[PDB]
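The lines below spell out each chain.
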Amino acid sequence: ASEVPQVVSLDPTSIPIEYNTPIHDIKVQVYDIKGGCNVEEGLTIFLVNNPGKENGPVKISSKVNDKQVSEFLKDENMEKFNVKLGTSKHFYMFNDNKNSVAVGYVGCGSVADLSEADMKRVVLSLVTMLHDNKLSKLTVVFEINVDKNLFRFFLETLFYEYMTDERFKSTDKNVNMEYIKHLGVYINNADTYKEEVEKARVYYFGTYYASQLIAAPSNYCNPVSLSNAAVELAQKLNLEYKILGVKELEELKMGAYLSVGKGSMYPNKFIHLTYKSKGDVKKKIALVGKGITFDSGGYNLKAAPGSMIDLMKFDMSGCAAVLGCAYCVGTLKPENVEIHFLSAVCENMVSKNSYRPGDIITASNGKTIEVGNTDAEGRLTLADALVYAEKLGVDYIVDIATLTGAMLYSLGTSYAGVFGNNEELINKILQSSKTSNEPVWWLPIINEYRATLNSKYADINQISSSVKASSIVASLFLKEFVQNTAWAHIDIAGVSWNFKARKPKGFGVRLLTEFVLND
Amino acid sequence: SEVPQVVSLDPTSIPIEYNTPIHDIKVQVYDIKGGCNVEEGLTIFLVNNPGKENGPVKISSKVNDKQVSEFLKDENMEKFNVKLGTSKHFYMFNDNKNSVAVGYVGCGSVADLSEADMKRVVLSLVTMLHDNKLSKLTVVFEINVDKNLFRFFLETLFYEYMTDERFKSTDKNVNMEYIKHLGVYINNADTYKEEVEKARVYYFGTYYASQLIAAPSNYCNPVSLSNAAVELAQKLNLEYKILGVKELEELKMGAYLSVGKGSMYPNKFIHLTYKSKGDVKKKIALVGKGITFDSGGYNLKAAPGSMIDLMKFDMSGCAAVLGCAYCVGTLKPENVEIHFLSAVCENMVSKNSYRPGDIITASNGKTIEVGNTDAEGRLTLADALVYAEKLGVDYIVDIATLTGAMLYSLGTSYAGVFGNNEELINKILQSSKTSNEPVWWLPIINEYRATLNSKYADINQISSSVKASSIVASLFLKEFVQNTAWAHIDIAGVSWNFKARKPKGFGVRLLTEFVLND
Amino acid sequence: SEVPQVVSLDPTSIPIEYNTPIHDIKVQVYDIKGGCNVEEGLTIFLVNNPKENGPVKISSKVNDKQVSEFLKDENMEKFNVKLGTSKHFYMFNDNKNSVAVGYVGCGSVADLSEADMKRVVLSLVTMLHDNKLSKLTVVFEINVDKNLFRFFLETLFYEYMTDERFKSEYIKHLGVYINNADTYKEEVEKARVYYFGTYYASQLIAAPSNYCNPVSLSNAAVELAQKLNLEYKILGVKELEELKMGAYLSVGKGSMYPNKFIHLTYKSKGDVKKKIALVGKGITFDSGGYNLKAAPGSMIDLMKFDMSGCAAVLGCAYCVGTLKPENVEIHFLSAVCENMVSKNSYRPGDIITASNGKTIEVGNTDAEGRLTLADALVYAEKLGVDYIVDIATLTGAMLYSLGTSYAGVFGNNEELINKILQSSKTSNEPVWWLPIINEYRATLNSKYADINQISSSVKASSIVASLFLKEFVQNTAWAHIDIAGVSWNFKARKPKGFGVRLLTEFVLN
Ligand SMILES: CC(C)(C)C(=O)N[C@@H](C(=O)NO)c1ccc(-c2ccsc2)cc1
Ligand SMILES: CC(C)(C)C(=O)N[C@@H](C(=O)NO)c1ccc(-c2ccsc2)cc1
Ligand SMILES: CC(C)(C)C(=O)N[C@@H](C(=O)NO)c1ccc(-c2ccsc2)cc1
Ligand SMILES: [Zn+2]
Ligand SMILES: [Zn+2]
Ligand SMILES: [Zn+2]
Ligand SMILES: [Zn+2]
Ligand SMILES: [Zn+2]
Ligand SMILES: [Zn+2]
């Protein structure tokens, strides 16, 4: 652990991290619907749909072990309500033991197969029922068809969206902040879904942990304070760790990554976490995350309209995703696999010491790079991290980065883009996208654009001249730093931040973890 | 002299190639009378056809080889035309049954090839040298050229042929093999032979400047650039002096010192001196703008089209001046003393940077209000010009990448020259013709001077009302020359070749021709 | 000839003032030797001090004792000669009549430029606008040659005159004391002619585009021709179509006003030894077309000024028609139209054919000037003249090259260019020679048309445009004057009428 440099004594010297969240205090019980539903304290919510019939009437088909509640929820009483996706209603009644209970439903539309996006709409409606209501318990009755993954995704999203980050609140803490202590789930074939519960809780926190890092402002989350948090995480998970400082970075000749950080008051820190199975290692993997704790753009300052320089604390989202994945892996402990978690962390600032547009810098594999734009710094840091990664001698290298703003014009805010040099690896990323329900789409590395990276003086240009297809050109650049290893690149510049909700998504954590686990 | 680093991987000197493959090319000039020997390598005829736009090629000169002569008959050459820029390759066997490669380059129908047209001919020729491993090139001039233009042909051939690979490591051209011999057949070879070594000298001066310019700002900084100058001065036995901050403070160069304040690299003032052996009749001060990187300062280059990634080229004036010092120091003209000056610094954004609105005091006591930190060139030049005049010279000439407006007035081919003395300006225009580096005389319109009147300082750095920044900047510069013939050359538009993505080394030959023929 | 209207309140002609109060001013020129009489009105001494911001000192003997006492060294040294600084005082003379006496500083340089002289006059005019005076007397205690003296009068007349045509008492006597008065007296009535030529052009330029449109501008040209007994011909769309002027006709397609080609002719009585065509750009309003002037700084509200070239030419025709030079034939030409946005407008990308058969690819509809000039130059050369001179508000880049004081001149002939430069010297309308760089010509090579209207990127727009126009003059001495920068006086919010005196001097000499 290094000392975080301060300008004034009021500068914070660590990232506040909440490990023990109220979500971890929730006891989850899973019951089979065949046994009938018991309705007592708290809130009991039925998830209902009506196949084919858009905005069709609500029907409760589950057995309810209470004559009063059963009478209330009979068809004739429910037909005035419809199943419009996201619709919710609260019911109030007395049960067979003369106790007042709260019941209700969330409409799940008229399609039996709910997409990952429509399921998020269902959960958000459910969360609005949790907010502003001091409840001790919530019960959920699944009257829709969900597979194991979508069930887990439901729980993960519930936990994530229910949670409220108050680390930076001082005088504006919510006085009515109270969480349930109990969560009941009624679902058919309950014994097959039980295994998903703790997995979801693990995936929730891995995702929530990343979110905390991303949301943490750059005066809290800087290269030293972020690497320090990585150390603390490794210590709690019994992961091996190594933080490389400028001296060793110099010895390794990482000129590209070092030049990006030259302008910052915070020394570069290269994070290297390792998980190894106790069993014989049958596959080795490196996960590489972009780790810019703040990206001012450098001398190519973000001063253009729509550049959102105030969002630039998000620029270590790739690193956050990787560290979030480290939590999940170190907790679930997969067998026969060795995983490296890597991030070349730095800050891209303006200074007398900054690297300049036009500078020629040498990467750790000896390639000279001409810098055409100081704000294209991510691919420079990744270049050295990718060289470092391949020297580990692994089977797959997967990187994840808020790399290019062009992603918002190509895939937008919902789907991440994946590029690569190996088809089998890309299919596996796409497969893990399905089973994690973190949407990713395969995008091409167009070789014809490679020629536009031909530098007159250096071995290669940092950015293209023609093109404008930045996401693809950046992928071309990165590919030049991976010689003979299966490699994939996940651009999350578009999906990292939830603009509507004004919070990080913790995107990529579940995706990467599913990738590690399912092979 | 010691180059500060942020990290140990930061370079501490500019890589400079002094002996180039071009220097290893043995050059022989033969007279066209007595015919041409075609025996080895690639023989190229430069042909014309005055009259018809694209008339047939007609090889006039005698070829001392029966087989080669039969091939180059008018009958066989009829299908090929003389369009300016075109070229063809030929394969055949000579008299002793040895395979030989012949060809031609079209020089158009016009009997007078201009600076731009000759450049086009050279390019066509260089294309033939590329992607073809040749031990020898022979060029037969079946067109007419003056002696300056012949020198210009060789200069341009040498400059364009040479490839800068100082910053390649994993991607050097493996097929890069230069010729070792160059043959030239031309009429009255006795007179043209003198231009050969003059061309080689002018070439390296230009290429030396180009190397400094192309060098990125992390390699090329105020300390390393001034070290490079010192090394140059040493190889040439020029007197040299590098003024550091402490000296500059004593001289009270507050305008120049302000510009480098935000930089990690200390300011360094380059003062080189050549003196003729005998009686000195003319004293000349050459001043180069030497900003090793121009970020704009707090007036950051952030506007569309400001091309901040090119601003390593903002020391081109200094490079021109140092390049001239090479030529002058090598050619050793008589009856002249020349001072090569450059206020070298770096314009950066920092807690220590000078600010828009700052009032600073030049070394001649004039207080200056800063309106824009990106108009830093004229601030450094101000102190440099005051220093220059204190040397008591006859002519002060500054050269600078000073105003972007030049791209809208003269464009990328012609530099602008401004001045306070018509005689000096005429000499610059004369030097432009003989060096074939095109310059156009632009006026210093005194009506715009009132817009440099400041409410609080003695003078404004920039105008607020008048556009035409090239003229306004000239007006500002004129305020720091009291009673000396002075001229100013703005090369902001011509310094960088945007199409070839490389510098031109513009100004080297111009300044040298100015020196030599005074 | 009938001006179309959208509503009945639309103006159907340009209001023009022919008889100005300047024409009522009686000018007397006296020699400074013999002393100056100060009997009435305002008397102003033009004074320098060759030092900087030095004290005022009056050298001329004044034949009035009271005023002499006022003008004594001890009193005037309280004031300084800083360029454009002025003081004037009211007092009683020997006859106990009210007189005003004062000065205007002319700085510390023995030779005033046209810019300096202008500042002097502006200070003089300020006093005239603030005082009710029947008479102004100006005493020259500075050195001025014949041309600069005429320039002084022209400038004085022009700046003094106030255009009130669109709104809803001048001096009657000008006295001038100057050493060697006799050599200067002939400059007076020439200055009056140059004044109105300049002011007439100013009137056309300042007239908004709803008053000044292609139809009313040509109608005004006709009326001018009739008053001066100049031959005149106005070419309409049918005539222009037959002449295959496709470049020029394309620009006006989107306008509600039919294109009008103005062709005025002055012919001397005797043998014609020189034939000259003067071509003025006549865009009555330039919106930019589909390449609309929408960018910040494009100043679309100024774009009534885009016929300043035509105005300069018509102002010259007044001077030439008045002074009647001998042994010359002058053609006054303008392809007048309006560049507008409409379903009918020409489009960026359109390939259009000029009257010499050259196909043109339009890259920017706001570069419309060179298109109208393309067909005007072709028309001009067919007249078989010795010189073609065009003048035009052609490129905004002129503001970045020479600025607002000097116009640029481009050409294909050295003799012609140096004639314009000499005319610039004698008219004191500053012009600077700029190169037509042949290396830039290749940027106008089109993939589909014979030539490009504009370059994709050469940035040197004034030069690229000049190259374009050069392609439409095949074997005649031709020069192009780009007055886009100098035509409008931004500070004074009015035209300069730039080019009238320049072009007239070119014709007369
Ligand atoms: C502007 C360009 C092409 C250099 C780019 O892709 N910039 C990146 C960047 O600064 N990388 O270091 C960029 C710009 C904007 C975003 C972004 C994403 C959501 S809002 C702004 C993300 C990446
Ligand atoms: C922006 C302005 C008017 C202050 C100016 O003249 N800038 C100079 C400059 O920064 N001088 O120190 C300038 C701007 C752009 C260029 C340029 C030249 C080729 S591309 C950009 C050159 C000089
Ligand atoms: C469109 C461009 C940049 C080629 C140009 O120079 N346009 C001309 C024009 O509209 N010609 O028809 C132009 C633009 C601006 C001005 C101008 C002059 C004083 S303020 C703006 C003048 C001419
Ligand atoms: Zn960036
Ligand atoms: Zn970034
Ligand atoms: Zn600058
Ligand atoms: Zn500069
Ligand atoms: Zn226009
Ligand atoms: Zn126009």
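- The record names X-ray crystallography as the way this model was obtained, at a resolution of 2.2000 Å.

Some details on the packing of aromatic side chains
- A complete count under the given rule lists 69 aromatic pairs over all chains for this structure.
- Taking the centre distance of 6.3 Å and the plane angle of 40° together, the rings of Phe91(A) and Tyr105(A) count as tilted. You can see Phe91(A) sitting in strand β3 (residues 88-94) and its partner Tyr105(A) sitting in strand β4 (residues 100-107), a full 14 residues away along the chain. Across the pair, exposure class does not vary: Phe91(A) and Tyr105(A) are buried alike.
- Both rings, one in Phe167(B) and one in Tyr219(B), keep their centres 4.9 Å apart while their planes meet at 75°; by these two values the pair is edge-to-face.

Quick look at the site of ligand 2
All names here are of chain B.
- Not every one of the 15 residues close to ligand 2 is listed here, only the nearest: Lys 289, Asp 294, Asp 374, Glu 376 and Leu 402.
- Within the side chain of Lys 301, an N or O atom sits 3.1 Å from an oxygen atom of ligand 2.
- Protein contacts shield 82% of the accessible area of ligand 2, which totals 530 Å² for the unbound molecule.

Quick word on the sheet that holds strand β3 (residues 86-92) of chain C
All names here are of chain C.
- If you trace the six strands from one edge of the open sheet to the other, you get β1-β6-β5-β2-β4-β3, paired in mixed fashion. Every interior strand has two partners, whereas the edge strands, β1 (26-31) and β3, have only one. The sheet shows a mean angle of 20° between the axes of neighbouring strands, taken without regard to direction.
- As defined by bridge partners, β1 adjoins strand β6 (residues 173-178) across six bridges and the pair is classed as parallel. The residue of β6 that forms the bridge with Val 29 is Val 176.

Brief notes about the coordination of the zinc ion (ligand 9)
Residue and element names in this part refer to chain C.
- In this structure, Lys 281 (NZ), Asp 306 (OD) and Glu 368 (OE) serve as the protein donors to the zinc ion (ligand 9), at separations of 2.0 to 2.1 Å.
- Summarised as a motif, the one-chain spacing of the donors to the zinc ion (ligand 9) is K-x24-D-x61-E.
- Between the zinc ion (ligand 9) and the zinc ion (ligand 8), both coordinated by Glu 368, there is a metal-metal distance of 3.2 Å. With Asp 306 in the loop between β10 (282-286) and α10 (308-323) and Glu 368 in the loop between β13 (359-361) and α11 (369-381), the pair connects residues that are 62 residues apart, well separated along the chain. Grouping residues by exposure puts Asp 306 and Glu 368 together as buried.

Considerations on the UniProt feature "binding site: Zn(2+) 1" (unreviewed entry) in chain B
Residue and element names in this part refer to chain B.
- According to UniProt, the feature "binding site: Zn(2+) 1" (unreviewed entry) maps to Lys 289, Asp 294, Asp 314 and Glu 376 in the numbering used here. Taken together, the annotated residues stretch across 88 residues yet fold into one region, lying no more than 11.4 Å apart by C-alpha.
- Inspection of the secondary structure assignment puts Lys 289 in the loop between β9 (282-288) and β10 (290-294).
- Under the relative-accessibility criterion, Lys 289 is labelled buried at 3%.
- Within the secondary structure, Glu 376 is located in the loop between β13 (367-369) and α10 (377-390).
- When its relative accessible area of 0% is taken as the criterion, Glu 376 is described as buried.
- With near-sequence residues (within four places) excluded, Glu 376 lies in contact with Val 259, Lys 289, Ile 291, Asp 294, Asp 314, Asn 347, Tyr 354 and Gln 461.
- Of the polar contacts made by the side chain of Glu 376, one reaches the side chain of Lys 289; its length is 3.4 Å.

A short note on the coordination of the zinc ion (ligand 7)
Residues and elements named next belong to chain B.
- The zinc ion (ligand 7) binds to the protein through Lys 289 (NZ), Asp 294 (OD), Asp 314 (OD) and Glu 376 (OE); the donor distances cover 2.0 to 2.8 Å.
- Sequence positions of the residues that donate to the zinc ion (ligand 7) give the spacing K-x4-D-x19-D-x61-E.
- Between the two metal centres, the zinc ion (ligand 7) and the zinc ion (ligand 6), the spacing is 3.1 Å, with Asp 294 acting as a shared donor. Here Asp 314 lies in the loop between β10 and α9 (316-331) and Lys 289 lies in the loop between β9 and β10, a separation of 25 residues in the sequence. By the burial criterion, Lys 289 is buried, and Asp 314 matches it.

Details of the pattern of salt bridges
- Summed over the entire model, instances satisfying the criterion amount to 58 salt bridges over all chains.
- Between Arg449(B) and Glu479(B) there is a salt bridge, and its shortest N-O distance comes to 2.9 Å. Of the two residues, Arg449(B) sits in the loop between β16 (439-441) and β17 (459-460) while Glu479(B) sits in the loop between α13 (469-478) and β18 (485-490), which places them 30 residues apart along the sequence.
- Residue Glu479(B) is classed as partly exposed on the basis of its relative accessible area, which comes to 21%.
- One network of salt bridges, in which partners are shared, links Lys146(C), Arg150(C), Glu154(C), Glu186(C), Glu187(C), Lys190(C), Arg501(C) and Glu505(C).

What about the UniProt feature "binding site: Zn(2+) 2" (unreviewed entry) in chain C?
Residues and elements named next belong to chain C.
- Summarizing the sequence annotation, UniProt attributes the feature "binding site: Zn(2+) 2" (unreviewed entry) to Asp 286, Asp 366 and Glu 368 in the numbering used throughout. On the basis of their most widely separated C-alpha atoms, the annotated residues across 83 residues gather in one place, lying no more than 8.5 Å apart.
- The residue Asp 366 is located in the loop between β13 and α11 in this model.
- Among residues more than four places away in sequence, those in contact with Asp 366 are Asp 286, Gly 288, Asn 291, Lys 293 and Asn 339.
- Given a relative accessible area of 0%, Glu 368 falls into the buried group.
- Aside from chain neighbours lying at most four places away, what touches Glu 368 is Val 251, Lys 281, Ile 283, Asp 286, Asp 306, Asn 339, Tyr 346 and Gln 453.

Description of the interface of chain B and chain A
- Taken residue by residue, the interface counts 36 residues in chain B and 30 residues in chain A.
- Here the side of chain B that touches chain A is composed, by residue class, of 17 nonpolar, 10 polar and nine charged.

Topic: the pairing of strand β3 (residues 87-93) of chain B
Residue and element names in this part refer to chain B.
- By the bridge criterion, seven bridges tie β3 to strand β4 (residues 99-106) in an arrangement that is antiparallel. Note on β4: the bridge partner recorded for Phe 90 is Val 102.
- The loop that links β3 with its antiparallel partner β4 comprises five residues; one of these, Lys 97, has a positive phi angle of about 60°.

Concerning the packing of helix α11 (residues 378-390) of chain A against helix α14 (residues 470-479) of chain A
All names here are of chain A.
- Where α11 meets α14, the closest approach of the two axes is 9 Å, and the angle between their N-to-C directions is 30°. In terms of orientation, α11 and α14 fall into the roughly parallel class. Crossing hand, α11 versus α14: right-handed. Packed against α11, whose contacting residues are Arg 379, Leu 380, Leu 382, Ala 383 and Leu 386, the element α14 presents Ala 474, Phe 477 and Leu 478 at the interface.
- Classifying every residue of the contact of α11 with α14 by side-chain character gives seven nonpolar, no polar and one charged.

A closer look at helix α7 (residues 214-228) of chain C
Residue and element names in this part refer to chain C.
- Taking 1.5 Å as the rise per residue, α7 with 15 residues should run 21 Å; its terminal C-alpha atoms sit 21 Å apart, in good agreement.
- Within α7, 11 of the 15 residues are buried, leaving the element largely enclosed by the surrounding structure.
- Where α7 is buried, its residues meet α6 (187-206), β7 (231-235), β8 (260-267), β10, α10 and β11 (328-339).
- Of the residues flanking the start of α7, the one acting as N-cap is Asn 213, its side-chain oxygen 2.9 Å from the backbone nitrogen of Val 215.

A few points about the site of ligand 3
Residues and elements named next belong to chain C.
- As a structural note, the neighbourhood of ligand 3 is formed by 14 residues, with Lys 281, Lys 293, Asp 366, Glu 368 and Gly 396 the closest of them.
- Residue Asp 366 places a main-chain N or O atom 3.0 Å away from an oxygen atom belonging to ligand 3.
- Surface burial for ligand 3 is 83%, taken as the share of its 530 Å² of free accessible area covered by protein chains.
- Residues belonging to the shell around ligand 3 are distributed by class as follows: five nonpolar, four polar and five charged.

Let's talk about the interface of chain B and chain C
- Counting from both sides, the interface comprises 22 residues of chain B and, opposite them, 23 residues of chain C.
- Among the elements that make up the side of chain B that touches chain C, the one with the highest residue count is helix α11 (residues 406-409) of chain B (three residues).
- Considering only residue class, the side of chain B that touches chain C consists of 14 nonpolar, five polar and three charged.

What to know about the domain arrangement of chain C
All names here are of chain C.
- Domain assignment breaks chain C into domain 1 (19-208) and domain 2 (209-509).
- If you average the C-alpha positions of domain 1 and of domain 2, the two centres end up 36 Å apart.
- Counting each side, the surface lost to burial between domain 1 and domain 2 is near 2500 Å², with a carbon and sulfur contribution of 64%.
- In terms of surface lost to domain 2, no three residues of domain 1 exceed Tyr 194, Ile 205 and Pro 208, which account for 26% of the buried area on that side.
- Our enumeration of links across domain 1 and domain 2 arrives at four salt bridges.
- Joining domain 1 to domain 2, the criterion identifies 10 residue pairs in polar contact.
- For the side of domain 1 that touches domain 2, the secondary structure elements donating two or more residues are α4 (146-160) and α6.
- Residues belonging to the side of domain 1 that touches domain 2 are distributed by class as follows: 14 nonpolar, five polar and five charged.

Conventions used here
- Residues numbered from 1 in each chain as written, not as in the entry; some residues may be left out.
- Chains lettered and ligands numbered in written order.
- Part of a larger assembly, values for the part shown.
- Heavy atoms only, no water.
- Residues with missing side-chain atoms left out of burial classes, pairs and counts.
- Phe/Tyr/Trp six-rings, centres within 6.5 Å; stacked < 30°, edge-to-face > 60°.
- Helix = DSSP H or I, 4+ residues; strand = E, 2+ residues; numbered from the N terminus.
- Buried < 20%, exposed > 50% of the residue type's maximum accessible area, 1.4 Å probe, protein only.
- Near = heavy atom within 4 Å.
- Polar contact = N/O pair within 3.5 Å; in protein donor to acceptor, adjacent residues only side chain to side chain.
- Areas by Shrake-Rupley, 256 points an atom, 1.4 Å probe, with all protein chains shown as cover.
- Pairing = 2+ DSSP bridges.
- Axes fitted to C-alpha atoms, helices over the stretch in contact; angles between N-to-C directions.
- Donors = N, O, S within 2.8 Å, 3.2 Å for Na, K, Ca; no water.
- UniProt positions renumbered as here; feature names shortened; annotations may be inferred.
- Contact = heavy atoms within 4.5 Å.
- Salt bridge = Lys/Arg side-chain N within 4 Å of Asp/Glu carboxyl O.
- Nonpolar A, V, L, I, M, F, W, Y, C, P; charged D, E, K, R; others polar.
- Parallel < 35°, antiparallel > 145°, perpendicular 65-115°, else oblique.
- Left-handed = near helix turned anticlockwise from the far one by under 90°.
- Expected span 1.5 Å × (residues − 1).
- Domains from an automatic or database assignment.
- Buried area = accessible area lost by both parts, 1.4 Å probe.

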